[PDB]
Amino acid sequence: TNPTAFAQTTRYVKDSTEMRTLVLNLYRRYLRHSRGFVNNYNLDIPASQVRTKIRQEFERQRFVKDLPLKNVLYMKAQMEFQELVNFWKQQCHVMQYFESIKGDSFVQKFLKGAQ
Amino acid sequence: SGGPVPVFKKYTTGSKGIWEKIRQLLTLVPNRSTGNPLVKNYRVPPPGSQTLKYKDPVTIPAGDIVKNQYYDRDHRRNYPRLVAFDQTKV
Amino acid sequence: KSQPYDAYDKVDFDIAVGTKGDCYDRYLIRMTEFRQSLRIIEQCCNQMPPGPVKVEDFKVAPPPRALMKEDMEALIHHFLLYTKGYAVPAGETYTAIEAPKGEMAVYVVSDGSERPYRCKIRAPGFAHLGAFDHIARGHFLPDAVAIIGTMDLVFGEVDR
Amino acid sequence: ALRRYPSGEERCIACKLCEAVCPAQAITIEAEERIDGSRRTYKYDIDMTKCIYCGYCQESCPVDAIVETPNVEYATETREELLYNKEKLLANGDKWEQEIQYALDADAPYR
Amino acid sequence: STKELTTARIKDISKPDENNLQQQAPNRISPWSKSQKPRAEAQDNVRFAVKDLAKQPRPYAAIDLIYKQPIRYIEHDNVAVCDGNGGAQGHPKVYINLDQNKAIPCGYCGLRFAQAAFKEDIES
Amino acid sequence: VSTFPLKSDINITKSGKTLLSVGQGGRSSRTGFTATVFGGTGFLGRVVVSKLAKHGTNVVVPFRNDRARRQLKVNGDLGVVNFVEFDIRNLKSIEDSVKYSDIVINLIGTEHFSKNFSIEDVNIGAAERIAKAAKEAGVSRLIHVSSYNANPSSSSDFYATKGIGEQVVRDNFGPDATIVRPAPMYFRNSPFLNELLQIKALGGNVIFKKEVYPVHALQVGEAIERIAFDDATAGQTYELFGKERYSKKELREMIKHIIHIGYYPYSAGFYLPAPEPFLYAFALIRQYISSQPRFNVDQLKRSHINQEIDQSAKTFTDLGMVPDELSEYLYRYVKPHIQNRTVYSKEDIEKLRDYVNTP
Amino acid sequence: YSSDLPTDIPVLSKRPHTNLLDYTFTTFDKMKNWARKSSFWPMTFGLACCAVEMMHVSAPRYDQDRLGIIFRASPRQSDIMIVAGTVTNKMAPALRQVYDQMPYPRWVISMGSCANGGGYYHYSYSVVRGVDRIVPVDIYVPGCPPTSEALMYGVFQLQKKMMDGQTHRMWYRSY
Amino acid sequence: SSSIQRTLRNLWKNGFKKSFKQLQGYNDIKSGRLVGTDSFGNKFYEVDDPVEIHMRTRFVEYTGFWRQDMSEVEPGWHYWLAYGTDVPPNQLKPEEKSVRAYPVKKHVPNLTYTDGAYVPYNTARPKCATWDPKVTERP
Amino acid sequence: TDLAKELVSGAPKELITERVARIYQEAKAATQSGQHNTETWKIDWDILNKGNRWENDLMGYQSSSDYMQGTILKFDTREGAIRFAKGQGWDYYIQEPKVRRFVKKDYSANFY
Ligand SMILES: NC(=O)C1=CN([C@@H]2O[C@H](COP(=O)(O)OP(=O)(O)OC[C@H]3O[C@@H](n4cnc5c(N)ncnc54)[C@H](OP(=O)(O)O)[C@@H]3O)[C@@H](O)[C@H]2O)C=CC1
Ligand SMILES: CCCCCCCCCCCC(=O)OC[C@H](COP(=O)(O)OCC[N+](C)(C)C)OC(=O)CCCCCCCCCCC
Ligand code: SF4
Ligand code: SF4
Ligand code: SF4
Ligand SMILES: [Zn+2]
């Protein structure tokens, strides 16, 4: 048995610095395929926004301190890339990923039932 | 044993008369049944028109009125206890 | 044979073993398993005994309707069996049978309650489909169709 | 189908057993004391698109109020027509009472 | 009217009509439970706009039917035994006590049992 | 869309009906209303029915084309979208389309006439009879839809009947009837973006000189939602259109580059110039030979009329919605008709506009 | 303008035949619908245990082919989509894509409790509670699984509906 | 059961018009002893032909000509037709007939695709009753 | 434990921001005298101020948008429940069970 395309071994890193090199490397790999993501997924937006929204999700996890949290967020980091490259997700999923979208006043939420 | 069986010993519809002799002259294996069940034998008293009056079966030790205390045959509560042998007990 | 269960130890039947590990061998073994089934089926028709078909234990088996409508304790057990259920002593198990597809097994974890705590189902097709890559390596598209059929992939079991 | 006694009274005493066995949770029962004091149900639905046609409700009924008629030819154009409420199920019990007796007489002793 | 058609009563007031589609049941006008939705309000809905109300299911109300039965009267015994008149195809066997000077209905069937000595007062 | 189509969960109508909504606004929720979208099987009806049923508002959809209405039901939960067979030459059916409703919408209209209906019978007779019956059926709110140049004095038959249609509604239903006058609505499978993409456009120079303002069909659908659910819009007239001015001749050419279609456009018949007296003649013949709605005589007169904005009416800023420009939505509605895929943003489309007009 | 709009014209399914050109378009409807009813070619969209009963309809005992029913493996050659089995979330976008690729006229049948309303898996995290949330469904076959005769009753019911269509008389009268 | 002799004998026994109807809906020419007619009007036959295959010894003759609906078979006979019982519902013992205390009308077939299709509704009243407002005036 | 384990669970953010869980031990029921359901600690989520239950118009069902309405967790030690709640970063609040006060009961007390 052989692994599929763009696959990677799952190793639990033990050094903080080692992970960031993998994290930074992976970021361009997302950026490199951005035009192909638009072409393969027939996205209605230019590739510029595709590169735009990739960067934001990396920063969302920037400030994690404990190491065991760092690996799992990197293990799942690779998996989402691998599925995206190999055209495994359908066009419906990718559109809805980038098609996502100030809070109401207290009276307004109160008026319509709030939460 | 599972030896070959003459066709007229199987519960399927089979030809009679001149056509039986034709059937035996032309078939490769003359003892092969057509597979159409006998109308006069297969399911003839349907499941809803039987004659057997069913009675609930009860073995004596577990269905008796006497010598039938439940704690004797209460196996669900006599289950083997779970014991783990650590290194210390070994 | 390894763990005989449910009267499979009483009847006499043979098994067929291949030698080439190819689709033609598995075709022959299945056609033998047809005739060994027809050999067991006859014996069960001749050796069928009389008696209860279920445990004579109304705390795990519903009482007969006639006894339910006439005996007070039957009505209590009929009531608690169909609403509360029956409790299973705590522990766990791994029970395997010779399913027609292969070895099918369940890993049920009990907690002393009336609902299983865990139930993992080991479907033969799921373990077969993993080996598809290791087998199909070096074959043509018309040959893949044979390998799927020789595996017996009903995908309800694979995608349990 | 929901059945009746020969006298005409509904067989179900709103005991809610069938609702608790039902593996798919296809049954919805709402009950109270009737106008004359009887323990009767005023709401009884089966989500026929959620039932798995498994026969547990039939086995658990203490008074044989809920059964499964041998009918299979009732495919509907809209899915709303497959939400049988108490009016619908009692109309089936009247329609198929003779055929239910055919099956009950035959398979009474085996249960 | 809509006064009887929307409130439950032990007994009706006017004679029921089988053709009147607004009745709760073809043999009873008013509903027989406090929480039962009236049939007039139930069919005053958008989903019935283009339907044929005469062909919707209208089973006969079981409350009116069961009170058309005669009262069983027991002779020289104050306890009645009822089983649904089907044995293994009826309800569980329940014993009814008839000491009180009234007809005690069966819990399952709804048949009313009394004593013979009490019939004259009961039939008043 | 969003998550809740209302501003409050209790809404009292003109008729004293108190409608209480339940749920969070998803599929299983309800709003308590009950609309009736006429011509819901039409182009605009499908978007309007979808938005109402998406939030649990019961919608009665009168139909005549049995198959065309089937796809309407996917938008609503069980029992939400209801179907009533009807014909505008039948009154009983219309009196059942509006029997239980709390909102009546009238999208029925035509720019072509047929052997069984004329433009006079449809844009005027139907809308009148709907409003007369919707009033006698105790409906609190009526919303009507007309053309973008409703003017009873127009020599064109479409705007002659559309303009009179506005009057006969308020003269039948009363001074509460809202009115919507959308601009040419562009969307997937829209009648407007179709003839711009059609290859063999006979008489192209005659037809495509007409100037209009683009408008999103979804915004028209969402605008109709805000109007029905707001009682402050009763008796108000809305003129819905876009900001930037576009001409079909500009669009038919800007589209041409996106489609990427030397010798071929001339040989394939993309350009089919025609003397006008012939077009009046051929379109005359197809009125009684073709069995399908072809580009007829009355539509020809409209090509001589640019869009007019009745500045005394209201716009999207009254509804607090920003109108959507065709720049950002032209591309995604021509992908069906469309190395690296060539994607046009707002900047790409506007630059493409410059190239068409540059000699 | 002037519009003399009657009120008493019956709706199309009720309109009696009056002139000759009604029968001419009715005959073109019957001949067209009779062919579509008789060449009832479904699409092999079996997903789970409901598909086993679907194959048994084609078995010798019931023999769907004797009625002109031939299962086709492509949307191009199929006009009936039979949803036989559970529609999961992961399968849902594919089901819509396969549905869109069927040329008109097309009908969809929902077989069994999973397709109808989720069935046994109604409260699962990965099951669509009714395929009518994804595609329009023309008839619902109830059961788990529906018997082979129950599926044939659903097919027979749909054919009775297809023979009731008036696609061409609609143009002459409703249009 | 497929030979033209079996079709010839059944063709002659029935006569033209009975056999022409079977040549229109049944697709097969059969003849059998009449057992009974149900409330809708369908007639149920039984086949005595020694060559008829296992599941084809009973059949129906629907009332209509161009159309047949399986829901038109009365429930009593629906069980007999499926080889579920040996006693037809017209030969029932009086101690086996169902006792109905309500009038029984003509059989109603499946009403889907019509206006008679059943409409579900909630049979329970709302669970909260809002205040019936009254105004009282201060002294 | 100390880690923000919720960042790997994939749970929606609203369980951290918008919902409140409760750690409690089920109380003894008045109707029955059994004392076994009150020996395991459980976690349940508070209901929603609107949209917890509403009547379905068509069939009178009980519709809900709360995806935690039928989720009850079981534990065997109080600490394990609190530790697990801490691990997920849940905004919980603990309900201390009442303890019945001992009172000796004597047969002879009916006269003395
Ligand atoms: N870009 C656009 O589409 C523009 C359209 N408008 C106007 O909006 C209104 C809605 O049209 P739209 O949805 O966009 O596209 P359509 O022209 O396809 O909508 C027409 C609707 O009216 C119905 N209709 C026509 N004649 C009859 C009739 N005798 N009986 C019953 N129904 C009839 C049609 O029913 P059926 O489908 O079954 O035939 C259809 O639903 C029209 O009046 C149009 O002039 C104004 C500005 C822009
Ligand atoms: C170039 C092409 C060549 C021709 C192609 C052939 C097409 C096949 C024909 C389709 C038949 C069909 O469909 O017949 C069945 C259909 C559908 O009947 P239904 O749906 O039950 O409604 C019809 C019955 N009613 C309305 C009463 C309920 O009509 C019929 O019952 C027709 C009944 C009258 C037939 C008169 C025929 C006159 C003689 C014709 C020959 C001399
Ligand atoms: S047969 Fe249907 S309704 Fe009855 S218990 Fe089984 S799933 Fe529930
Ligand atoms: S089990 Fe029988 S008696 Fe009990 S609620 Fe169900 S139908 Fe009624
Ligand atoms: S409805 Fe029943 S038989 Fe059909 S796919 Fe679902 S579980 Fe299987
Ligand atoms: Zn009784």
# chains A, B, ... in the order shown; residues from 1 in each chain; ligands from 1
>>> select_by_dssp(residues="chain B", states="helix (DSSP H, G or I)", output="ChimeraX atom specification")
/B:7-9,18-26,60-63,70-72,75-77
>>> write_last_selection(atoms="C-alpha atoms", output="CSV table (one decimal), in the first residue's frame")
chain,number,residue,atom,x,y,z
B,7,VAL,CA,-36.2,-36.0,-10.7
B,8,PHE,CA,-39.5,-37.5,-9.7
B,9,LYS,CA,-38.2,-37.5,-6.1
B,18,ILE,CA,-44.9,-38.2,-24.2
B,19,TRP,CA,-43.3,-35.0,-23.1
B,20,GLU,CA,-41.4,-36.7,-20.3
B,21,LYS,CA,-39.7,-39.0,-22.8
B,22,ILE,CA,-38.9,-36.0,-25.0
B,23,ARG,CA,-37.5,-34.2,-21.9
B,24,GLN,CA,-35.3,-37.1,-21.1
B,25,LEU,CA,-34.0,-37.5,-24.7
B,26,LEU,CA,-33.0,-33.8,-25.1
B,60,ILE,CA,-39.9,-28.3,33.7
B,61,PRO,CA,-37.1,-26.9,35.9
B,62,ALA,CA,-37.6,-23.3,34.7
B,63,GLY,CA,-41.3,-23.4,34.1
B,70,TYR,CA,-35.8,-18.1,40.8
B,71,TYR,CA,-32.6,-17.5,42.7
B,72,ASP,CA,-31.5,-21.0,41.6
B,75,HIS,CA,-27.8,-16.6,36.0
B,76,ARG,CA,-27.8,-12.9,35.1
B,77,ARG,CA,-26.8,-12.0,38.6
>>> residues_around(residues="region 61-67 of chain C", least_positions_apart="2", cutoff="8 Å", atoms="only C-alpha atoms", output="list in words")
residues 56 of chain B; 54, 55, 56, 57, 58, 59, 69, 70, 71, 74, 77, 78 and 81 of chain C; 111 of chain D; 87 and 88 of chain E
>>> closest_atom_pairs(of="chain B", to="chain D", cutoff="10 Å", atoms="only C-alpha atoms", output="tab-separated table")
residue	atom	partner	partner_atom	distance
B:47	CA	D:106	CA	7.7
B:48	CA	D:106	CA	5.0
B:49	CA	D:106	CA	6.8
B:50	CA	D:106	CA	7.6
B:51	CA	D:106	CA	9.5
B:52	CA	D:109	CA	9.8
B:53	CA	D:109	CA	7.3
B:54	CA	D:109	CA	5.4
B:55	CA	D:109	CA	6.8
B:56	CA	D:110	CA	7.8
>>> residues_near_ligand(ligand="ligand 6", cutoff="6 Å", atoms="only C-alpha atoms and all ligand atoms", output="JSON, numbers by chain")
{"E": [82, 83, 84, 106, 108, 109]}
>>> write_last_selection(atoms="N, CA and C atoms", output="PDB file, in the first residue's frame")
ATOM      1  N   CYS E  82     -63.902  -9.025  34.099  1.00  0.00           N
ATOM      2  CA  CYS E  82     -63.943  -8.653  32.693  1.00  0.00           C
ATOM      3  C   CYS E  82     -62.588  -8.910  32.055  1.00  0.00           C
ATOM      4  N   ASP E  83     -62.605  -9.361  30.799  1.00  0.00           N
ATOM      5  CA  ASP E  83     -61.366  -9.669  30.099  1.00  0.00           C
ATOM      6  C   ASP E  83     -61.410  -9.256  28.635  1.00  0.00           C
ATOM      7  N   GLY E  84     -62.369  -8.432  28.240  1.00  0.00           N
ATOM      8  CA  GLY E  84     -62.444  -7.979  26.869  1.00  0.00           C
ATOM      9  C   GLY E  84     -63.169  -8.902  25.922  1.00  0.00           C
ATOM     10  N   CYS E 106     -65.524  -0.835  33.416  1.00  0.00           N
ATOM     11  CA  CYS E 106     -64.246  -1.529  33.343  1.00  0.00           C
ATOM     12  C   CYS E 106     -63.143  -0.573  32.910  1.00  0.00           C
ATOM     13  N   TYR E 108     -60.442  -0.952  31.114  1.00  0.00           N
ATOM     14  CA  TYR E 108     -60.005  -1.059  29.730  1.00  0.00           C
ATOM     15  C   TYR E 108     -61.168  -0.960  28.748  1.00  0.00           C
ATOM     16  N   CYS E 109     -62.139  -1.873  28.849  1.00  0.00           N
ATOM     17  CA  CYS E 109     -63.205  -1.951  27.852  1.00  0.00           C
ATOM     18  C   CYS E 109     -64.118  -0.738  27.902  1.00  0.00           C
TER      19      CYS E 109
END
>>> atom_distance(atom1="CA of residue 60 (chain G)", atom2="CA of residue 43 (chain G)")
19.7 Å
>>> residues_near_ligand(ligand="ligand 4", cutoff="7 Å", atoms="only C-alpha atoms and all ligand atoms", output="PDB file with N, CA and C atoms, in the first residue's frame")
ATOM      1  N   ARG D  11     -59.568   0.757  21.631  1.00  0.00           N
ATOM      2  CA  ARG D  11     -58.792  -0.189  22.417  1.00  0.00           C
ATOM      3  C   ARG D  11     -57.677   0.481  23.206  1.00  0.00           C
ATOM      4  N   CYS D  12     -57.115   1.577  22.705  1.00  0.00           N
ATOM      5  CA  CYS D  12     -55.968   2.185  23.365  1.00  0.00           C
ATOM      6  C   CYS D  12     -56.386   2.904  24.635  1.00  0.00           C
ATOM      7  N   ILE D  13     -55.680   2.614  25.726  1.00  0.00           N
ATOM      8  CA  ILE D  13     -55.912   3.263  27.006  1.00  0.00           C
ATOM      9  C   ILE D  13     -54.776   4.232  27.277  1.00  0.00           C
ATOM     10  N   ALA D  14     -54.159   4.735  26.214  1.00  0.00           N
ATOM     11  CA  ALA D  14     -53.186   5.818  26.312  1.00  0.00           C
ATOM     12  C   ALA D  14     -52.065   5.474  27.279  1.00  0.00           C
ATOM     13  N   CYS D  15     -51.646   4.218  27.264  1.00  0.00           N
ATOM     14  CA  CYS D  15     -50.665   3.738  28.220  1.00  0.00           C
ATOM     15  C   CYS D  15     -49.244   4.157  27.875  1.00  0.00           C
ATOM     16  N   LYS D  16     -49.006   4.594  26.638  1.00  0.00           N
ATOM     17  CA  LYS D  16     -47.735   5.134  26.163  1.00  0.00           C
ATOM     18  C   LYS D  16     -46.616   4.106  26.115  1.00  0.00           C
ATOM     19  N   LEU D  17     -46.933   2.813  26.120  1.00  0.00           N
ATOM     20  CA  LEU D  17     -45.886   1.809  25.968  1.00  0.00           C
ATOM     21  C   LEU D  17     -45.266   1.873  24.583  1.00  0.00           C
ATOM     22  N   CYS D  18     -46.100   1.867  23.542  1.00  0.00           N
ATOM     23  CA  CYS D  18     -45.589   1.833  22.178  1.00  0.00           C
ATOM     24  C   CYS D  18     -44.692   3.019  21.886  1.00  0.00           C
ATOM     25  N   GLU D  19     -44.958   4.155  22.516  1.00  0.00           N
ATOM     26  CA  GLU D  19     -44.121   5.325  22.312  1.00  0.00           C
ATOM     27  C   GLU D  19     -42.726   5.118  22.875  1.00  0.00           C
ATOM     28  N   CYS D  57     -44.103  -1.673  18.441  1.00  0.00           N
ATOM     29  CA  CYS D  57     -45.312  -1.111  19.029  1.00  0.00           C
ATOM     30  C   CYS D  57     -46.404  -2.158  19.113  1.00  0.00           C
ATOM     31  N   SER D  60     -45.748  -4.585  22.015  1.00  0.00           N
ATOM     32  CA  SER D  60     -45.817  -4.012  23.346  1.00  0.00           C
ATOM     33  C   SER D  60     -47.213  -3.590  23.762  1.00  0.00           C
ATOM     34  N   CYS D  61     -48.159  -3.524  22.850  1.00  0.00           N
ATOM     35  CA  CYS D  61     -49.485  -3.053  23.210  1.00  0.00           C
ATOM     36  C   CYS D  61     -50.161  -4.092  24.090  1.00  0.00           C
ATOM     37  N   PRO D  62     -50.605  -3.739  25.298  1.00  0.00           N
ATOM     38  CA  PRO D  62     -51.252  -4.729  26.160  1.00  0.00           C
ATOM     39  C   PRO D  62     -52.668  -5.072  25.747  1.00  0.00           C
ATOM     40  N   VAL D  63     -53.276  -4.308  24.849  1.00  0.00           N
ATOM     41  CA  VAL D  63     -54.681  -4.491  24.521  1.00  0.00           C
ATOM     42  C   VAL D  63     -54.854  -4.652  23.019  1.00  0.00           C
ATOM     43  N   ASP D  64     -53.743  -4.827  22.303  1.00  0.00           N
ATOM     44  CA  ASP D  64     -53.742  -4.989  20.847  1.00  0.00           C
ATOM     45  C   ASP D  64     -54.405  -3.808  20.146  1.00  0.00           C
ATOM     46  N   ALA D  65     -54.166  -2.605  20.656  1.00  0.00           N
ATOM     47  CA  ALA D  65     -54.772  -1.425  20.060  1.00  0.00           C
ATOM     48  C   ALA D  65     -54.059  -0.996  18.789  1.00  0.00           C
ATOM     49  N   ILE D  66     -52.747  -1.174  18.722  1.00  0.00           N
ATOM     50  CA  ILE D  66     -51.957  -0.758  17.572  1.00  0.00           C
ATOM     51  C   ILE D  66     -51.403  -2.008  16.904  1.00  0.00           C
TER      52      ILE D  66
END
